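Below sits a lone chain in structure tokens, taken as the form solved without the DNA.
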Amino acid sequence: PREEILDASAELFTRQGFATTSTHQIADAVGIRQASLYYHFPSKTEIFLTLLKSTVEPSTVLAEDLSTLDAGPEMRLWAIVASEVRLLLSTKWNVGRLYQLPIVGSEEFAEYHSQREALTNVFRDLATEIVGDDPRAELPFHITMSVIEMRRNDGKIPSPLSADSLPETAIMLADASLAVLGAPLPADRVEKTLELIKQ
């Protein structure tokens, strides 16, 4: 019920943006009274925030634990790129699209700003271990985020979350991330990443 509201909001937000989407629409979408929607969320902003943090917080949490494991920076970067793409392909709607909406810059979303900055730092720091003080160090994060422009957005999960395999696109973008750094692909990257995903 709570998750149904979030799903419908995700669709409306990613399709219409923030400003035009109304609570009336969200409530109508899930087929409940607006009073009933209010029980669940006080404002569309709180909904928008709830979506936004459920989307990146799992990445940042996972990011520091994998950035701090016993491999090399090539492997750690490959794992974080692959895990992040894995996440972005695991949702019914393309919630990553929400980052691009002008509203997210506002002070209300300071919690997201911090989490996004933290993730960006992880990508950049790992990358600089490989290429040093080099502008290419910015690239792995953007390469990772480009999946948001590649995946569908129609209510069907492009790649259901799996512990047994990585999505082709996840592997591709992770391979691309090292190629751009001129770093060779580490041995047994996928299996290790899957193990590095589990902890």
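Counting begins at 1, following the sequence as shown. For clarity, a rigid core is taken as the largest C-alpha set superposing within 1.5 Å between two forms.
Unshown form deposited with the DNA bound; subsequent notes refer to it.
Proximity to the DNA in the entry with it bound, taken as heavy atoms within 4.5 Å, picks out 24 to 32 from the listed stretches 24 to 32, 169 to 177, 142 to 150, 58 to 66.
Contact between residue 42 and the DNA in the entry with it bound is found at the 4.5 Å heavy atom cutoff. Under a 4.5 angstroms non-hydrogen atom cutoff, the DNA in the entry with it bound has residue 36 among its neighbouring residues. Just one of the listed positions, 32, 172, 148, 131, moves its Cα by at least 2 Å between the shown form and the other one when the rigid core is held fixed, and it is 32.
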